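Source file: coords.pdb; contents: PDB, C-alpha atoms and all ligand atoms.
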```
ATOM      1  CA  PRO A   1       0.000   0.000   0.000
ATOM      2  CA  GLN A   2       0.786   3.726   0.033
ATOM      3  CA  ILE A   3       0.418   5.607   3.318
ATOM      4  CA  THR A   4       0.048   9.375   3.315
ATOM      5  CA  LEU A   5       1.228  11.371   6.324
ATOM      6  CA  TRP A   6      -1.742  13.642   7.078
ATOM      7  CA  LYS A   7      -2.280  11.428  10.128
ATOM      8  CA  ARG A   8       0.017   9.246  12.194
ATOM      9  CA  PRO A   9       1.014   6.147  10.143
ATOM     10  CA  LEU A  10      -0.562   3.608  12.483
ATOM     11  CA  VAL A  11      -0.940  -0.007  11.372
ATOM     12  CA  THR A  12      -1.888  -3.279  13.027
ATOM     13  CA  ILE A  13       0.961  -5.607  13.967
ATOM     14  CA  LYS A  14       1.034  -9.126  15.389
ATOM     15  CA  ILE A  15       3.677 -10.030  17.981
ATOM     16  CA  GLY A  16       3.877 -12.606  20.751
ATOM     17  CA  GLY A  17       0.483 -13.816  19.592
ATOM     18  CA  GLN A  18      -1.075 -10.383  20.216
ATOM     19  CA  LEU A  19      -2.467  -7.758  17.848
ATOM     20  CA  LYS A  20      -1.347  -4.168  18.473
ATOM     21  CA  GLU A  21      -1.267  -0.770  16.765
ATOM     22  CA  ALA A  22       2.175   0.644  15.969
ATOM     23  CA  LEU A  23       3.779   3.617  14.247
ATOM     24  CA  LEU A  24       5.735   3.110  11.027
ATOM     25  CA  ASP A  25       8.660   5.292  12.101
ATOM     26  CA  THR A  26      11.481   6.123   9.683
ATOM     27  CA  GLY A  27      13.121   8.162  12.464
ATOM     28  CA  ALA A  28      13.637   5.141  14.742
ATOM     29  CA  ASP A  29      16.730   2.999  14.143
ATOM     30  CA  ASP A  30      15.139   0.150  16.106
ATOM     31  CA  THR A  31      11.684  -1.058  17.111
ATOM     32  CA  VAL A  32      10.313  -0.134  20.547
ATOM     33  CA  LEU A  33       7.146  -1.719  21.904
ATOM     34  CA  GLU A  34       5.019  -0.840  24.912
ATOM     35  CA  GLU A  35       5.547  -2.934  28.037
ATOM     36  CA  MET A  36       4.619  -6.569  27.404
ATOM     37  CA  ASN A  37       5.591  -9.874  29.004
ATOM     38  CA  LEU A  38       7.459 -11.602  26.213
ATOM     39  CA  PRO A  39       9.181 -14.915  27.001
ATOM     40  CA  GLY A  40      12.871 -15.579  26.510
ATOM     41  CA  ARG A  41      16.157 -13.989  27.462
ATOM     42  CA  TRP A  42      16.819 -10.271  27.071
ATOM     43  CA  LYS A  43      19.491  -7.640  27.677
ATOM     44  CA  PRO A  44      19.051  -4.275  29.426
ATOM     45  CA  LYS A  45      19.394  -1.185  27.261
ATOM     46  CA  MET A  46      18.931   2.584  27.463
ATOM     47  CA  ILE A  47      17.542   4.516  24.482
ATOM     48  CA  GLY A  48      17.349   8.284  24.167
ATOM     49  CA  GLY A  49      15.187  10.731  22.290
ATOM     50  CA  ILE A  50      13.344  13.955  22.968
ATOM     51  CA  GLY A  51      13.036  14.309  26.744
ATOM     52  CA  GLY A  52      15.850  11.924  27.723
ATOM     53  CA  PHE A  53      16.228   8.166  28.080
ATOM     54  CA  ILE A  54      14.061   5.193  28.989
ATOM     55  CA  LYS A  55      15.180   1.748  30.151
ATOM     56  CA  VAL A  56      14.174  -1.074  27.802
ATOM     57  CA  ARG A  57      14.592  -4.835  27.450
ATOM     58  CA  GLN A  58      16.221  -5.963  24.202
ATOM     59  CA  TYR A  59      14.807  -9.164  22.703
ATOM     60  CA  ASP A  60      16.441 -10.653  19.606
ATOM     61  CA  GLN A  61      14.925 -12.618  16.715
ATOM     62  CA  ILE A  62      11.324 -11.705  17.535
ATOM     63  CA  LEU A  63       8.752 -12.434  14.831
ATOM     64  CA  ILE A  64       6.461  -9.521  13.925
ATOM     65  CA  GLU A  65       3.808  -9.317  11.209
ATOM     66  CA  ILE A  66       3.199  -5.806   9.858
ATOM     67  CA  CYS A  67       0.185  -5.444   7.527
ATOM     68  CA  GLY A  68       0.471  -9.087   6.543
ATOM     69  CA  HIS A  69       4.219  -8.689   5.947
ATOM     70  CA  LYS A  70       6.321 -10.935   8.170
ATOM     71  CA  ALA A  71       9.538  -9.687   9.751
ATOM     72  CA  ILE A  72      12.017 -10.924  12.349
ATOM     73  CA  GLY A  73      14.533  -8.893  14.310
ATOM     74  CA  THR A  74      15.352  -6.971  17.452
ATOM     75  CA  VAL A  75      12.501  -5.639  19.597
ATOM     76  CA  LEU A  76      12.986  -3.251  22.526
ATOM     77  CA  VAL A  77      10.340  -3.463  25.266
ATOM     78  CA  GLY A  78       9.860  -0.650  27.750
ATOM     79  CA  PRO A  79       7.687   2.234  28.968
ATOM     80  CA  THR A  80       7.301   3.877  25.584
ATOM     81  CA  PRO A  81       4.035   5.809  25.084
ATOM     82  CA  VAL A  82       3.630   4.355  21.574
ATOM     83  CA  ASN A  83       4.482   1.183  19.705
ATOM     84  CA  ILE A  84       7.241   2.152  17.257
ATOM     85  CA  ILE A  85       8.235   0.118  14.199
ATOM     86  CA  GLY A  86      11.771   1.159  13.304
ATOM     87  CA  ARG A  87      14.014   0.756  10.296
ATOM     88  CA  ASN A  88      15.352  -2.642  11.384
ATOM     89  CA  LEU A  89      11.890  -4.045  10.598
ATOM     90  CA  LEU A  90      10.715  -1.495   8.018
ATOM     91  CA  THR A  91      13.487  -2.594   5.641
ATOM     92  CA  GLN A  92      12.279  -6.191   5.942
ATOM     93  CA  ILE A  93       8.764  -5.324   4.723
ATOM     94  CA  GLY A  94      10.023  -3.338   1.735
ATOM     95  CA  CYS A  95       9.058   0.065   3.143
ATOM     96  CA  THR A  96      10.401   3.203   1.452
ATOM     97  CA  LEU A  97       9.912   6.954   1.602
ATOM     98  CA  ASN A  98       8.848   8.570  -1.665
ATOM     99  CA  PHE A  99       8.543  12.209  -2.719
TER     100      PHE A  99
ATOM    101  CA  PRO B   1      13.323  10.234  -4.865
ATOM    102  CA  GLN B   2      12.716   6.747  -3.446
ATOM    103  CA  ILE B   3      14.569   6.369  -0.133
ATOM    104  CA  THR B   4      15.326   2.961   1.350
ATOM    105  CA  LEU B   5      15.709   2.555   5.108
ATOM    106  CA  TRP B   6      18.872   0.462   5.506
ATOM    107  CA  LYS B   7      20.437   3.786   6.568
ATOM    108  CA  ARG B   8      19.026   6.762   8.448
ATOM    109  CA  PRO B   9      16.964   8.924   6.023
ATOM    110  CA  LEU B  10      19.151  11.990   6.468
ATOM    111  CA  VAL B  11      18.837  14.929   4.072
ATOM    112  CA  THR B  12      20.152  18.456   3.722
ATOM    113  CA  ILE B  13      17.762  21.263   4.614
ATOM    114  CA  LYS B  14      17.965  25.037   4.233
ATOM    115  CA  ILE B  15      16.424  27.223   6.933
ATOM    116  CA  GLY B  16      17.134  30.846   7.807
ATOM    117  CA  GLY B  17      19.725  30.828   5.021
ATOM    118  CA  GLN B  18      21.758  28.050   6.682
ATOM    119  CA  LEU B  19      22.283  24.481   5.501
ATOM    120  CA  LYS B  20      21.795  21.672   8.007
ATOM    121  CA  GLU B  21      21.338  17.917   8.171
ATOM    122  CA  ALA B  22      17.967  16.584   9.312
ATOM    123  CA  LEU B  23      16.174  13.260   9.677
ATOM    124  CA  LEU B  24      12.983  12.444   7.793
ATOM    125  CA  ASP B  25      10.895  11.194  10.711
ATOM    126  CA  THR B  26       7.456   9.748  10.002
ATOM    127  CA  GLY B  27       7.029   9.083  13.735
ATOM    128  CA  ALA B  28       7.200  12.811  14.532
ATOM    129  CA  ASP B  29       4.035  14.903  14.355
ATOM    130  CA  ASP B  30       6.151  18.060  14.422
ATOM    131  CA  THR B  31       9.468  19.351  13.108
ATOM    132  CA  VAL B  32      11.991  19.895  15.914
ATOM    133  CA  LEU B  33      15.419  21.412  15.270
ATOM    134  CA  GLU B  34      18.467  21.798  17.483
ATOM    135  CA  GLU B  35      19.182  25.144  19.121
ATOM    136  CA  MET B  36      19.749  27.881  16.544
ATOM    137  CA  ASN B  37      19.107  31.556  15.857
ATOM    138  CA  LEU B  38      16.014  32.044  13.694
ATOM    139  CA  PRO B  39      14.605  35.456  12.709
ATOM    140  CA  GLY B  40      11.046  36.400  13.561
ATOM    141  CA  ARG B  41       8.687  36.024  16.481
ATOM    142  CA  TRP B  42       8.227  32.817  18.463
ATOM    143  CA  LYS B  43       6.174  31.517  21.367
ATOM    144  CA  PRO B  44       7.073  29.075  24.157
ATOM    145  CA  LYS B  45       5.743  25.546  23.711
ATOM    146  CA  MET B  46       6.100  22.102  25.272
ATOM    147  CA  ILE B  47       6.559  18.856  23.332
ATOM    148  CA  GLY B  48       6.864  15.267  24.521
ATOM    149  CA  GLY B  49       9.054  12.515  23.103
ATOM    150  CA  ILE B  50      10.070   9.013  24.157
ATOM    151  CA  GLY B  51      11.881  10.265  27.264
ATOM    152  CA  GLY B  52       9.633  13.068  28.461
ATOM    153  CA  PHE B  53       8.825  16.699  27.750
ATOM    154  CA  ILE B  54      11.052  19.588  26.682
ATOM    155  CA  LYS B  55      10.499  23.315  26.267
ATOM    156  CA  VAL B  56      10.780  24.594  22.693
ATOM    157  CA  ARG B  57      10.497  27.880  20.812
ATOM    158  CA  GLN B  58       7.715  27.674  18.219
ATOM    159  CA  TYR B  59       8.308  29.538  14.948
ATOM    160  CA  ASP B  60       5.251  29.711  12.701
ATOM    161  CA  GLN B  61       5.123  29.940   8.920
ATOM    162  CA  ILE B  62       8.881  29.457   8.490
ATOM    163  CA  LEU B  63      10.391  28.855   5.063
ATOM    164  CA  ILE B  64      12.359  25.603   4.897
ATOM    165  CA  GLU B  65      13.705  23.684   1.896
ATOM    166  CA  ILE B  66      14.045  19.912   2.278
ATOM    167  CA  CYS B  67      16.043  17.945  -0.292
ATOM    168  CA  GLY B  68      15.193  20.611  -2.867
ATOM    169  CA  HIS B  69      11.476  20.826  -1.970
ATOM    170  CA  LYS B  70      10.070  23.988  -0.413
ATOM    171  CA  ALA B  71       7.835  23.978   2.654
ATOM    172  CA  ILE B  72       6.428  26.766   4.824
ATOM    173  CA  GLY B  73       5.248  25.809   8.277
ATOM    174  CA  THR B  74       5.859  25.396  11.974
ATOM    175  CA  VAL B  75       9.372  24.696  13.267
ATOM    176  CA  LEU B  76      10.124  23.916  16.912
ATOM    177  CA  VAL B  77      13.615  24.796  18.170
ATOM    178  CA  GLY B  78      14.974  23.223  21.323
ATOM    179  CA  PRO B  79      17.229  20.620  22.945
ATOM    180  CA  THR B  80      16.289  17.751  20.655
ATOM    181  CA  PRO B  81      19.061  15.149  20.180
ATOM    182  CA  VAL B  82      18.545  15.215  16.388
ATOM    183  CA  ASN B  83      17.143  17.613  13.796
ATOM    184  CA  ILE B  84      13.896  15.903  12.768
ATOM    185  CA  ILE B  85      11.516  16.670   9.907
ATOM    186  CA  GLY B  86       8.018  15.708  11.036
ATOM    187  CA  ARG B  87       4.740  15.039   9.277
ATOM    188  CA  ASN B  88       3.706  18.712   9.253
ATOM    189  CA  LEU B  89       6.425  19.316   6.639
ATOM    190  CA  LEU B  90       6.671  15.835   5.109
ATOM    191  CA  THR B  91       3.103  16.318   3.862
ATOM    192  CA  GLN B  92       4.047  19.620   2.206
ATOM    193  CA  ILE B  93       6.793  17.981   0.130
ATOM    194  CA  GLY B  94       4.507  15.126  -0.932
ATOM    195  CA  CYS B  95       6.201  12.423   1.120
ATOM    196  CA  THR B  96       4.493   9.039   1.532
ATOM    197  CA  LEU B  97       5.376   5.627   2.912
ATOM    198  CA  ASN B  98       5.208   2.786   0.412
ATOM    199  CA  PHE B  99       5.571  -0.975   0.711
TER     200      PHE B  99
HETATM  201  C1  LIG C   1      13.694  11.722  18.020
HETATM  202  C2  LIG C   1      14.042  10.659  16.980
HETATM  203  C3  LIG C   1      15.424  10.914  16.376
HETATM  204  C4  LIG C   1      13.988   9.235  17.556
HETATM  205  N1  LIG C   1      12.653   8.825  18.027
HETATM  206  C5  LIG C   1      11.654   8.464  17.010
HETATM  207  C6  LIG C   1      10.639   9.576  16.711
HETATM  208  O1  LIG C   1       9.966   9.239  15.520
HETATM  209  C7  LIG C   1       9.611   9.828  17.825
HETATM  210  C8  LIG C   1       8.592   8.685  18.000
HETATM  211  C9  LIG C   1       7.630   8.958  19.142
HETATM  212  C10 LIG C   1       6.302   9.273  18.889
HETATM  213  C11 LIG C   1       5.414   9.529  19.925
HETATM  214  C12 LIG C   1       5.855   9.489  21.236
HETATM  215  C13 LIG C   1       7.182   9.182  21.502
HETATM  216  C14 LIG C   1       8.064   8.919  20.466
HETATM  217  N2  LIG C   1       8.895  11.072  17.584
HETATM  218  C15 LIG C   1       9.070  12.197  18.297
HETATM  219  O2  LIG C   1       9.795  12.340  19.243
HETATM  220  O3  LIG C   1       8.314  13.171  17.785
HETATM  221  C16 LIG C   1       8.127  14.368  18.518
HETATM  222  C17 LIG C   1       7.977  15.522  17.538
HETATM  223  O4  LIG C   1       6.677  15.395  17.051
HETATM  224  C18 LIG C   1       5.830  14.923  18.072
HETATM  225  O5  LIG C   1       5.031  13.885  17.644
HETATM  226  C19 LIG C   1       5.434  12.653  18.222
HETATM  227  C20 LIG C   1       6.096  13.036  19.538
HETATM  228  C21 LIG C   1       6.752  14.378  19.194
HETATM  229  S1  LIG C   1      12.552   8.069  19.480
HETATM  230  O6  LIG C   1      11.208   7.616  19.630
HETATM  231  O7  LIG C   1      13.098   8.968  20.436
HETATM  232  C22 LIG C   1      13.584   6.625  19.375
HETATM  233  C23 LIG C   1      13.075   5.420  18.891
HETATM  234  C24 LIG C   1      13.907   4.310  18.821
HETATM  235  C25 LIG C   1      15.220   4.430  19.233
HETATM  236  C26 LIG C   1      15.715   5.633  19.704
HETATM  237  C27 LIG C   1      14.900   6.739  19.783
HETATM  238  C28 LIG C   1      17.172   5.539  20.089
HETATM  239  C29 LIG C   1      17.516   4.052  19.891
HETATM  240  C30 LIG C   1      16.297   3.366  19.249
HETATM  241  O8  LIG C   1      16.554   2.993  17.916
END
```

As structure tokens, what does this structure read like?
Amino acid sequence: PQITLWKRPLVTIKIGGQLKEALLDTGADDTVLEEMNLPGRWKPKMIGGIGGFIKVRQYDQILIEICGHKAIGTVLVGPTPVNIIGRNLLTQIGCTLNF
Amino acid sequence: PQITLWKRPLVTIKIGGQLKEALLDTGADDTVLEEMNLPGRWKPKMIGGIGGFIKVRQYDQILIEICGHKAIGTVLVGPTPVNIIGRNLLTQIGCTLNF
């Protein structure tokens, strides 16, 4: 599809057997998801943006489906106000910017 | 152009007569630039990001050229970690997400 940017580019994703709404975010290197109790091992991490840093849990090789497009990669879980799909997964679904 | 996301979507912008590097950021509602001198009036504003809220100077109806495309709109200036081009200006240059 083609997504215009009049509104936030929110799409449904599927992760850990759950459906969620997430931002397609070209400004995020990595994917950051709202607090959820994923299984498996993880590593602590700190990520910074506007306002400072938040503490997140880094999970590797997590399967995510974005608009029926499957992807697998790193997912950061922490107290983010929004689910953020970053470039590490956007590349995998063939997402580009166009103007 | 068509911009892939294996790298950060950085582009050159012109604002206030000065060239700068900025990030095309579909996850940003607004355009937030690092501290700089801009001519004209401004008003204090607050914006929130992943780590909390910061105080910014809001400049309205500012000319800004992005990768050769002209836009005129709101620019927020403050202690952002990165110059970001948000949806308010991405729409003006005809930017969409495609996959
Ligand atoms: C600032 C960018 C360079 C990096 N961010 C990505 C931006 O797209 C954020 C996304 C967002 C949206 C809504 C709420 C919170 C965040 N938008 C943002 O702040 O927008 C401002 C201006 O407009 C307003 O509308 C939205 C909020 C205000 S991030 O979220 O800080 C981030 C993500 C991953 C990762 C990092 C950092 C570091 C490591 C990891 O890869």

Show me which residues sit within 7 Å of ligand LIG 1 (chain C) when counting all atoms listed in the file, and put them as a PyMOL selection string. (chain A and resi 25-32+47-50+80-82+84+86) or (chain B and resi 25-32+47-50+81-82+84+86)

Would you give me, as a PyMOL selection string, the residues of chain A that come within 8 Å of chain B, using only C-alpha atoms? chain A and resi 1-9+23-29+48-54+80-81+84+87-88+90-91+93-99

Residue members of the PyMOL selection byres (((chain A and resi 40) around 12) and not hetatm) in the file shown, as a ChimeraX atom specification: /A:16,37-39,41-43,57-62

Convert the current residue selection to file output with C-alpha atoms, as a PDB file, keeping the file's coordinate frame.
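Result file follows (again.pdb):
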```
ATOM      1  CA  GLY A  16       3.877 -12.606  20.751  1.00  0.00           C
ATOM      2  CA  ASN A  37       5.591  -9.874  29.004  1.00  0.00           C
ATOM      3  CA  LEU A  38       7.459 -11.602  26.213  1.00  0.00           C
ATOM      4  CA  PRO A  39       9.181 -14.915  27.001  1.00  0.00           C
ATOM      5  CA  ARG A  41      16.157 -13.989  27.462  1.00  0.00           C
ATOM      6  CA  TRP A  42      16.819 -10.271  27.071  1.00  0.00           C
ATOM      7  CA  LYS A  43      19.491  -7.640  27.677  1.00  0.00           C
ATOM      8  CA  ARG A  57      14.592  -4.835  27.450  1.00  0.00           C
ATOM      9  CA  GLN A  58      16.221  -5.963  24.202  1.00  0.00           C
ATOM     10  CA  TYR A  59      14.807  -9.164  22.703  1.00  0.00           C
ATOM     11  CA  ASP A  60      16.441 -10.653  19.606  1.00  0.00           C
ATOM     12  CA  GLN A  61      14.925 -12.618  16.715  1.00  0.00           C
ATOM     13  CA  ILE A  62      11.324 -11.705  17.535  1.00  0.00           C
TER      14      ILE A  62
END
```

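Here atom CA of residue 19 of chain B and atom CA of residue 73 of chain B stand 17.3 Å from one another.
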
Length of the atom CA of residue 11 of chain A to atom CA of residue 71 of chain A vector [Å]: 14.4 Å

From atom CA of residue 12 of chain B to atom CA of residue 83 of chain A the spacing works out at 28.3 Å
